[PDB]
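Worksheet: the structure to be examined is printed underneath.
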Amino acid sequence: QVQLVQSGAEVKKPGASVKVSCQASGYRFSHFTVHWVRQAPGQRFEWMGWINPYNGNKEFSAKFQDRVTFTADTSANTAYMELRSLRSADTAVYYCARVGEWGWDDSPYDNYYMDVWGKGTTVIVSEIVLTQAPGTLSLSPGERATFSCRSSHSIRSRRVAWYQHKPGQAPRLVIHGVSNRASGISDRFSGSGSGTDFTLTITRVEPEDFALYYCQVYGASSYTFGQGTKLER
């Protein structure tokens, strides 16, 4: 099945640059745009940009356009990301993520959620807002869990997605398009909402469910994540 395998962690001095590779297997590499996303210690996930290997289109976050270069090598099934002039605030885990498969009713960009993540590569160097609640949420297997996400703008387009993260492993997509449960995701999970307030719900909690949960608004040129809700046992 679909898999994105990244290069190894690195230690870098200030001034250096770092090149992270991302090799795809289990599908046709050039038929899916790849996002690049990072997370600095105790910060929100932060989108850097995407590349579409089919036609060479690139989209860049303004925070990173000066310092980053995306490339692709379709013979090698590999996507690359290079960041120059590293500084302290560049310590982070860097992820690649493939967009979703096109939906039979989709509008332009309805599939640009992060559908499959690589495990991430750690690099150590020597305007919509989403707010989630509660910050933490303690429960025993069996109970109902309810996650909230409030947007500052109305998300008329219904491009809200929810991700599950157990640090070390790759984030998994749980819900995209507000209410669509992603493949292989249990019946226990469902999302909902509109305009400004969205919710992820788990009817009965299994032990495999304890992790962090992030909501996201996605689109063509902007992606923002909530700060995350911790589901501890």
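Residues 1 to 126, 143 to 249 in the entry's author numbering are what the sequence shown spells out, letter by letter.
For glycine and all other residues, C-beta sits at the position ideal for the given N, C-alpha and C.
- Taking C-beta atoms as the reference points, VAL125 and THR91 count as a pair closer than 8 Å.
- Counting C-beta atoms within 10 angstroms of its own C-beta, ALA62 has fewer than 16 neighbours from the protein chains shown and is therefore classed as exposed.
- Taking all protein chains shown into account, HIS169 has fewer than 16 neighbouring C-beta atoms within 10 Å of its C-beta and is therefore exposed.
- The C-beta distance from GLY26 to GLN3 rounds to 5 Å, short enough to meet the 8 Å contact threshold.
- Secondary structure note for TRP102: it is in no beta strand (DSSP E), with a DSSP letter that is neither H nor E.
- The residue from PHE64, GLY207 and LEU83 with its alpha-carbon nearest to that of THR219 is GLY207.
- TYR234 is not a Cβ neighbour of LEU216, given a cutoff of 8 Å.
- Rounded to the nearest whole angstrom, the C-alpha separation of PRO223 and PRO157 is 6 Å.
- Distance check between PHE214 and each of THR245, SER164 and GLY244 places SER164 closest, using alpha-carbon atoms only.
- In the DSSP assignment, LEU4 falls within the beta strand (DSSP E) that extends over 3-6.
- Per the DSSP secondary-structure output, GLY207 pairs in a beta bridge with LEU216.
- With fewer than 16 other Cβ atoms inside 10 Å of its own Cβ, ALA9 counts as exposed.
- Inter-residue distance for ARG249 and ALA24 is about 34 Å (C-alpha atoms, whole angstroms).
- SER167 and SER210 have their C-alpha atoms spaced approximately 10 Å apart.
- Put simply, of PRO41, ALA227, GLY118 and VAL37 the residue whose alpha carbon is nearest the alpha carbon of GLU59 is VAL37.
- Rounded to the nearest angstrom, the Cβ distance from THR245 to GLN148 is 5 Å, consistent with a contact under 8 Å.
- Closest in alpha carbon position to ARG172, among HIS181, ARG98, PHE64 and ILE144, is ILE144.
- If only complete runs of 3 or more residues are kept, the stretch 165-199 shows the beta strand (DSSP E) at 176-181 and 188-192, in order along the chain.
- Taking a contact as a CB-CB distance under 8 Å, the pair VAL20 and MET81 counts as one, their CB atoms being some 5 Å apart.
- Sixteen is the threshold: since fewer than 16 other Cβ atoms of the shown chains lie within 10 Å of the Cβ of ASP203, the residue is exposed.
- The alpha-carbon of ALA40 is positioned some 19 Å away from that of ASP66.
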